Every structure is written in C-alpha cells, then in structure tokens.
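S.K.: requesting a structural model of the entry that follows:
(chains A, B, C and D, ligands or ions: 4)
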Protein chains: 4
Amino acid sequence: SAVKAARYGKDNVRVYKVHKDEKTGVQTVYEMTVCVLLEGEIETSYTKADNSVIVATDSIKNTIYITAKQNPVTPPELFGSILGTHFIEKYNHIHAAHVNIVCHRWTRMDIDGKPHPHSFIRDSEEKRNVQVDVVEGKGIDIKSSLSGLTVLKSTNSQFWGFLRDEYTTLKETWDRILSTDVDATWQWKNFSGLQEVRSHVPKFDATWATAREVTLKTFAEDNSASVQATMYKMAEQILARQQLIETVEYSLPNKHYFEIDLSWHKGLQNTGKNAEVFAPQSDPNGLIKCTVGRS
Amino acid sequence: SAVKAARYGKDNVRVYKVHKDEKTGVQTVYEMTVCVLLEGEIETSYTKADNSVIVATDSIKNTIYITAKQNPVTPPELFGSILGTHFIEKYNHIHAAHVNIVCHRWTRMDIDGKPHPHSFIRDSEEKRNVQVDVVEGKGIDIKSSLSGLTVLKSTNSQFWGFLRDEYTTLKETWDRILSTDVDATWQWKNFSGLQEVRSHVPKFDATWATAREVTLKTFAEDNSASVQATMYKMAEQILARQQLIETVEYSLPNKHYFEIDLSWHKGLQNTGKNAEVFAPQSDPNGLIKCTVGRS
Amino acid sequence: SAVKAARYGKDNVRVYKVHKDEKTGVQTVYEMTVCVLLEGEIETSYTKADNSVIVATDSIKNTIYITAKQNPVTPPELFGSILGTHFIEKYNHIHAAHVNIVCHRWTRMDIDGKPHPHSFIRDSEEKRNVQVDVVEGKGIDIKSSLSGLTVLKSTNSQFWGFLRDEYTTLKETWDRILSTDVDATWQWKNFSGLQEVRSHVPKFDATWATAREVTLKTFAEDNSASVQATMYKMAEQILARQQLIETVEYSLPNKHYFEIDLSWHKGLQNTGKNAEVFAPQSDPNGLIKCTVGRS
Amino acid sequence: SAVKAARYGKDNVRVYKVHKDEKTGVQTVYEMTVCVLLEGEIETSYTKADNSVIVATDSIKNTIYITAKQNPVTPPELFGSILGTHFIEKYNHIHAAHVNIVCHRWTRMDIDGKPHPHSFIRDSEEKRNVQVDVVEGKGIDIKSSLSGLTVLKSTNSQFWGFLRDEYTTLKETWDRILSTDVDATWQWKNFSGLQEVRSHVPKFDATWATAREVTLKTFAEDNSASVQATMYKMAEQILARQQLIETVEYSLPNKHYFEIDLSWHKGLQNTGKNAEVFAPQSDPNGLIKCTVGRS
Ligand SMILES: O=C1NC(=O)NC(C(=O)O)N1
Ligand SMILES: O=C1NC(=O)NC(C(=O)O)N1
Ligand SMILES: O=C1NC(=O)NC(C(=O)O)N1
Ligand SMILES: O=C1NC(=O)NC(C(=O)O)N1
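M.R.: Numbers count the residues shown, from 1 in each chain, chains lettered A, B, ... in the order given. Ligands and ions are numbered 1, 2, ... in the order given. Provided below are the atomic coordinates:
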C-alpha cells in the first residue's frame, strides 16, 4: 500500500479582528471561521511515524492568528492568499496550502437614523466565503462565493411542459411559489502569485456585490420558467460583468410549498386561484446545479 | 397512581399564508410554526384506553390550517387567541388550549430602490413569538417575545468591582467586547376573552416594535457596567412605554471573545490597548436573566 | 419598576473527568455539560450597577472544575447536590443554586469480545440528565431524566375510536408504525440536605436503569391503544418500583410514517396490508405529555 | 456563455421499508435518505427554457419510492446501482445518474435477553453511506463509507518530535487523550454494469463490517504516534482484506481535550501525571486526511 494523497491542518478556527479609526472613533469588526490544510512531502508521517515533517496543527492555528494580526483580513480573497502563500514559502517541504474562509455578517447598527460607531447586528446567516488554493509553481486559484441567501417569491414562477410518462404525477402549473437558498460561486482566472492578487484587490468586493445584486434582481424580476432557466440568467449576467471570472456555479434547492385542499371541510376553497394557506415542506427538496463558462 | 397533569396536541406545524391586494397587485406573505396543546377531561385516554375523549392530533393539525384560512394570521397574538378559543368553545370537555407561534421573517425585497410586489428575503433568523394560554373561565394570558436577535459591541462594555475570592481569576476590565443573543418577553395583563384581545389589536405590533427599538438603542448607547445593569435599563423602558404590560423578562448569554497573547512571537503586542485579534469562544457562556415588574 | 426575579450564572460548561485504577490499569471516563444559575440578594447589580454582590460567571466556571476535581462526578444527582450546596454555603447572600447536568455517553469498547481498558464509543446521543435546585432552608429538589432515546416499532400500534367531527380526516387504524424520542423525568422526594442525598446514593443509578428498562420493555410489548395509554403504563411501573419518587413525567412525540399510495403506477399495491414503503415525516409531529403521581 | 456542467434532481428523500417474514413473524426495517442527481442532454432547459428534456424532480422522487417497492433496498450498494441504472436505461437523453444514500440505524431491541420481533432502537447517529455514479458506457463506480463513528481513548496517544519553529507553542507529549469522529470511505473497482454488481453482493456488507472492525480495533490498540500514523494503519489493513477495493480514504478530526491548571487554587495539582479534569474544546479541531491505494 502507498499514500496516494494526504492533507492535514486545522479547521473551525474562529477569528475576530477590530479596526479602530483614531481620527473618527469609528470601529469596524470582522469575524470569520478559517480552515487551512497543507500538502507536501509529508508521507512519512503516515507511513513511518516520522513527525519531523509535521508542522503541528496547533502551530497552524497560531499562524492564522499571527497572520491576521499583521495583515488586513479583508477582502477575504487577499487574506486567504497571504495566509496560504506563507506556508509554501516558509516550509520547504510543503507544496500546497488550501485555505477556506467563511465570513460572518456584523452589520453596523443604525440608531436614530445614524450609523453607530461600535455596535453591530447579525442580519441573517448569509455568508461570504472564499476557497484559496496556493500551489507551488502553479499560482493561486481562488473561488469566491455567497451562501445561505434565502429568498421566496409568492407568484411569477411557472413549471409546465416537462416530460410526462408513467412515473409522473406532477400537474403542470402557471403560478407557484418559488423559494430557495442561494449558493453561488465565481472562479477567478488563475493568479501568478501574491503580487497579482494584490493588483486586483478592488475587484473582489465589487464582484461580490455584483453577484449578490444580479442574483436578487434576476430572482425577483424573472417570470421563471423553471429553476434551471432562472439560474442560467443569473450566471450569464455575472460573467458579462467581470472579465476576470472564468466560471460561475449555482446550486439551488427548490424548497416546496404545497397547496392544502380544504374542500372536505364545508367546501372551503383553498386551491388554484383560491389558494391562500400552504404547507411548507421541510423535505424532500429539488436540487438544481449548473456551471456556466465562456463560449 | 393517578394523572396529575396531562396535555397533548400537535407541534411543528408549518404554515404559510399569502395576502393578495387585487387593487395594487402587492402580495404579502406570513410564515409561522405553530404548536397547540390541549388540556381537559382526558385522563381516561391515558388510564383506560378510552379514545372517545381524544381529538386526534391529526385533527388539531387540520384545525390550524382551517383557522388560518378563515382569519387574519397577524398580529400573532390575535391569531393565537382565536385558535385557542376555538378549542375550548368547540369541545365541551377541553378546558385549556396552549398555543405557541414562531413567526419567521420574510422581508420585502427592495430592487432598484423600490419595494418589490411579491419577492422576499429572510433577513436573519430573529423570530417574533407568542405564547397564548386560553383557559376556560380564566380568560387569555399572552406572552409576546422576540428571540434570536444577535448583536455585538466592540467597546463600551466594562466589568470591574465584582466579588473576588479564592475562586476568582478574572481580571477587572474597563473595555471588553459584549455580544449576546437577545431573548425578551413581555407579558400582557390577563384579557377576559377574544373581544378584549380584539380591542387592543393595534398595540401588539406597536409594542413589539418598541421592545425591539429599546433593546437595540440601549445596547448600543449604554456604557455597560455589567450585562445585569444593561438589561434592567431595557426592561424599565419597555414597562414605561406600554401600560398593558405587567412584566418584562430578558434572558441574555454573554458570548465571550478572549484576547490572544501573541507576545511569545517576536514580542507581538495584542493585549489590552493593543488588542486587535480575538478568539470568539463557542462555550461556555454567561447566562443572565431577570424579570422586571411594576413597583 | 422592580426586580421580580433574577438568576444568573454559567451555561454550557463542558467537563471531562477520568478515573484511573492503578491496580487494574482500567480507566473510566465521564463527560458532562453543566449549567449553574444562582439567585439571592443580587438585585442591586441590576438596579444600581453594584457589582460587589456578583460572583463573576467566570468564577462560577472555575468553581465547577474545582468541584469536579475534589469530588466524585457520579452519580450526577450527587455531584449536582454537592455543587449547588457549595454556593449557598460559601456565599452568605446567595440563597438558591440551580444546577443542570447533561451526561454524555462514553461506553467502553469491546475488542475481540473483551472490554478495553481505556477506549470508548459514543453509542447514540441518548442523555442522562439531572436538574438539582438547592434552596437555603428548603433542602434539595432533584429531577432526574433520560432524553434522546429514539425507538420505533413497525407494528402493534393502533389508533381507533377517537372523536370524529367536521375537522376529522384521519382514518381509524389497527396497525400503524409508532416511533418517538423518549423524554422521561422522575422527581425525587425533597431531601433535607447533602447528608440525606448521600444516604440514598445507590438508588440513583438503579432508578435510572429501571426507568430505562421499563420504558423499553413497555414500548416493545404493549399493543398500543394510543401514545397516551402506553406512556401511562410506563409511568405506573416506575412509581411502583421506587418509593422515593413522587412523580414521573413523560413527553413523547409521535413521529409519523405515512403510507404511500402507488396504485396510480401500474396498479402497484402499497397500502394497508400491502404497505411496505413509507415516507417518514419530519414535521409536523404529535406531542403527548403526562405527569403521573401517587393516589 | 455556455453550460459547462449541469446536474439536477431530488435531495433529502426519506424512505422507510419494512420486510415481514410470514413464517417467523419477524419484521426488519430499513430507513435511508436518498439523493439522485441526473446529467445528460439537458442544457436547453437552462438556456432556452425548454422543459421538454426535463424529468421533473417530483418524478424522480416518485421513482425512488417505486424502485424501493420493487427491489431489495439492501445492501445499499445494490439498491443505489439499480436506481441509477434505471434512469440511464429509461431516458435516452440522460447519460449519468449520481445516487447518494445515507442509511440510518434501527437496531433490533433485546428485551429480557431475547431479540424482539418488531421493536428497534436508534443506537447512535453513526451512518453507513454509499455514493453510486452510473455513467452510460463507463459502468458503475461505487464509494462506500461509514461516518459519524465517535470514539475516545483516554491514554495511549502520544505526539512528540514534530517540527518546532517560531510559530510553535505546543509542548511535546507522551500521554494525551485522542478523540475523533471517523469518516472512512472505500472505493470499489469499477463495475461493468448491474450484473457485475449483483455477482458481488455478499462482499458489500462483509466489507463494511471489516472496515468498522479494523477501525475500532486499530484505534483501541495502537499506541498512537500521531493521528496520521494511526489512520494509515487502519487503511493498510482494509486494503489487505478486500482485493476489490482500490483505495481507502480516511478523514479524522482531532477533537481536543485540554488540561486545566488549577494550581492557582490552593496548589491543586491537575496537570501532567495528576490530570483528572479536562476541558473538552468544541473548536478549533485538527483535521487529518489521507487516501491510501495499492503500490
Ligand atoms: O427540474 C425541475 N425544475 C423545477 O423548476 N421544478 C421542478 C419540480 O419538480 O417542481 N423540477
Ligand atoms: O455576572 C457577570 N456579569 C457580566 O456582565 N460579566 C460576567 C463575566 O463573567 O464576565 N459575569
Ligand atoms: O392523540 C393522539 N394520540 C395518538 O396516539 N395518535 C394520534 C394521531 O393523531 O395519530 N393522536
Ligand atoms: O498534525 C498533527 N497531528 C496530531 O496527531 N496532532 C496534532 C496536534 O496539533 O495536536 N497535529
């Protein structure tokens, strides 16, 4: 037997950083959860009990805090690239670092119509994430994403004209509720190294904002023919707006809300045009994915 | 042996209702999770296998959907009072109904700076709840609450002057991070029945809004001496603003964010006035409660 | 406004303790999650910012670890009584301590048909809990429980003869699946103090074992007429077997498994006597409770 | 823009099946959660709103129940292969089916030392899973796994001799607690089709049992030099025992239990050889992976 692949590191490292503007007294907080996994010439730690090649996972944890102390933690694409580059430069035998960062929302509170200098609210569980793979001699590959964005539209979703055979009971519809949790990922062109990532810093937050805006507007305005059709429209637009993105991937559940026939009770009408009360279904759910790239 | 107490019913009943304004085309959605438990002359179902006295839990589920079809579901205090009153009036042997409702946020989306007519976003996991106990001959007792409101302030929290003895290691501080998930409950004066609850309908949403506003403003502006002191200030204010509330209860965790001493590494300064990077602690957490009433 | 009630302390304190038999080399581990909340003459910490009366929650955390180091942590009823008594004896102004302990399973592994001396497995998420309220001048009240015991029987559950009216659609049945998560609590006679709790030490583990055994056997062997009827039989038996218990409370969900009519597809028969494939329902669920005491 | 990849289907489909032996009266239950995603010539559903090529996700849900009614659901490797093969044979334009099955434990109860004919207990949250990819013209690739197996050993784990540099604070140790949740996956040789999968049916349950047994025994008996070294020993053994497995992958967290220095309190000794009480850490955690194949 032989080691075909191996990676190891520290997961679930929670990190908070505050920035204090001495001029204005305004404070800004950042909170993330980080995972770093390393690869390299470490097979002997598995096969021969040779710990000499192992940077202890505790040390990886320390390195993340030290790196956050000495560098900006935003945009996360930059922080992740700095953190991953550190390992491959510092340790001769480590050849790849895989950094995953989940950014948690701490949105400044507005009190009396004015932004508060040091108070924040967690407005939803939506995350902004990055995955950064730093591989010696192969540059830096960054996948940015938003996830946990839960939306619902109560009309302007249709689903008819699908294949009907002996396994089909679903009735065609011209008006249904559509609700989903959006997971959208945009993969950047490969970067040659940290200098190149730094040169594009401003594009990261701007592209995240565009991705979010396009997702929301398209969902709200599309008279959806299917989840498939609506998600493709979102992906098309993001690619058109940022040339440095190579592909856009969406993964969307179709969280069903079923009509409830109440006609058995005093002829109450609650279906079709008269539907008012519905039963949200926790499971099962449709799951629709697609990856869109350039012609 | 004897039955000392018994209640039974249906939990986790998810309900969605849409309201469609034919004039404007604007749609508004409501989504809740409801639990109804009944009490009454039902002991024989437990002791003698006498199902004749049991309204099946499946029937309770049906009743919730039928009630939501025929009545307004907002404010939840009213819907809960209607639903609980139904059981005690309909069934001679049922003498109390306990209704708990959790309201989920579906906030209208703004697209291009304008409110969309039928698209919504789940902005955070904060809930608005009610507990309504309808007891034959004893009126309607309603406890309203908000929960899952997660906030953080990065300065203007202190904690010094506490008791120090041989179990104490905590250092006094004049500047710490304070973060908590707010659970606040306001208990209304007992109502004589549905007519009285209807007469106060407008106060329910208004009191929820006030409770939320006071909580946020007080948290943001108080130079907190302890969690105890800050929560009492919130409760005082809510009682002063709504005479029909008898008591206000707060339950607040103190979610710790620890300094990280990095001085072992090249003398890096990250404590006290130089603290920038902190380690959020998932557990343990302080838990502070209080119930405030009128003198 | 005035403080009507107040309690505060530390929650989610995870504690592990190992016992090492030097003779045999056998090691035994215990892992729990503890919460301690105190009450007493502490109102001024809320109303006047007087921290002098506050034992910091950090100190409560320290006390739990110190107490576990100096005393046995099993049975949890004893540990909880020792921990709660400590606070009311140590601090003159603290008059009640409320201790909740959740015990996690670490079951010794059997390797090659022999018990291993120091290796353990978490066999299910079932917990053994205690709630201990130590109140100055009023002794020690202990509620012991098991929770998270999930079972299913595939036949020998019936439900017919219930009330039928215009809200009823449920068909009577003489053969259904019954599945539930058992939460069972037995409340002990009030104890005068620690000496009395110590005198009954052996009864705690034995009563937990009996409660579990009776629950499982009754569930398995009863040709259930309803969840109500089956749970009463369990409670009756536990009360008959331990005179020092005053009441037994059960809270049971009825987790539904629905038949699936497949007759639309090539006349497939999957209902009634031919039912083989069912759809487990995540929600809603029945919730049935009862508290049984002595005549 | 173009569609680079696309797959869609139904997730979280809960399925229960009971087998009733008419001879013995013994009943056996199976409960799983299934996900099926399809790929094929479906791009136009995304790009042109052409639903004619879409088998609705609701129909996929129906197909799973119909398939479970007509075929054995165990071993899951067989059921998954049958289910995936159905889609590629039935629909000319569907060229790959991806089936993921999570099997939930329902272990027969022993009542009075005898196995009960129709009562079951969920003994832990450990799962047995399969991932089956059926691709037209490329056979059937099956990855089998166990996950959620949580274990702890209180001694006989060491960690010393690792790399020490300016980022290192971890002290070397010759005696620490090791606790992890085991995720182990064995990938079978590619099968040419359903006939070949059927020919190896008996090997599936046997290989799962061996994988579990080897994992537990190795964890219990290895005087572990690191998580890396111990996991490699497990993987080596599984490969040696089943020739039809090509690779074995393990992913193990290192869930830390920290010593608590109590010497500040009356010189209490709770570290090193005197450590009895430890603080389990919820996060961060080490995460160690490896994939082992044949020389
Ligand atoms: O493939 C599908 N796409 C959708 O938008 N809806 C469904 C459905 O099953 O309802 N299925
Ligand atoms: O009782 C307490 N109140 C607080 O506000 N903080 C603490 C603490 O332990 O930090 N304890
Ligand atoms: O009260 C009830 N008891 C039961 O055992 N079953 C039901 C039911 O609704 O199925 N309801
Ligand atoms: O790589 C590592 N392997 C281990 O077994 N332990 C550690 C550790 O950080 O404790 N790190």
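
S.K.: could you measure from the spatially closest residue to residue A:19 that is not a sequence neighbour over to ligand 3?
M.R.: Spatial nearest neighbour of residue A:19, excluding adjacent residues (C-beta to C-beta, 6 or more residues apart in numbering or on different chains): residue A:28 at 4.7 Å. (C-beta placed from N, C-alpha, C; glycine too.) Residue A:28 sits 53 Å away from ligand 3, taking C-beta to the nearest ligand atom, to the nearest Å as the criterion.

S.K.: phi, psi of residue A:28?
M.R.: phi -130, psi 130 (degrees, to the nearest 10).

S.K.: how about it, what does it touch?
M.R.: If a contact means C-beta atoms under 8 Å, 6 or more residues apart in numbering or on different chains, then residue A:28 has A:18, A:19, A:21, A:108 as its contacts.

S.K.: elements contacting the helix or strand in which residue A:64 is found?
M.R.: If you go by DSSP states H and E, residue A:64 is part of helix A:57-70. Packing contacts for helix A:57-70, counted by 3 or more C-beta pairs under 8 Å, 6 or more residues apart in numbering or on different chains; DSSP states H and E, involve strand A:2-20, strand A:27-40, helix A:76-90, strand B:277-280, strand D:285-293.

S.K.: and that helix, what's buried?
M.R.: A:57-69 (16 or more other C-beta atoms under 10 Å in any protein chain shown).

S.K.: go on, stretch A:282-295?
M.R.: Neighbour-count burial for stretch A:282-295 [16+ other C-beta under 10 Å]: A:283, A:284, A:285, A:286, A:287, A:288, A:289, A:290, A:291, A:292, A:293.

S.K.: distance between that stretch and the chain's centre?
M.R.: 14 Å (C-alpha atoms, centre = their mean, to the nearest Å).

S.K.: export it to CSV, keeping only CA atoms.
M.R.: What follows is stretch A:282-295, C-alpha atoms only, in CSV (Å, rounded to 0.1, in the frame of the first residue of the first chain):
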residue,chain,number,x,y,z
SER,A,282,-39.1,20.5,5.0
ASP,A,283,-38.1,17.7,2.7
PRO,A,284,-37.6,16.4,0.2
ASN,A,285,-36.4,19.3,-2.0
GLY,A,286,-35.4,19.7,-5.6
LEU,A,287,-31.6,20.4,-6.0
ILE,A,288,-30.6,22.1,-9.3
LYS,A,289,-27.0,22.9,-10.2
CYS,A,290,-25.1,24.3,-13.2
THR,A,291,-21.7,25.7,-14.1
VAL,A,292,-21.6,28.3,-16.8
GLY,A,293,-18.4,29.3,-18.5
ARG,A,294,-17.4,31.4,-21.6
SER,A,295,-18.1,30.2,-25.2
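
S.K.: what does chain A put close to chain C?
M.R.: A:166, A:167, A:169, A:264, A:265, A:266, A:282, A:283 (C-beta under 8 Å from any C-beta of the partner chain).

S.K.: am I right that the fourth one is in a helix?
M.R.: Yep, that's residue A:264 we're talking about. No - with DSSP: H, G, I helix; E, B strand; the rest coil as the criterion, residue A:264 is located in coil rather than a helix.
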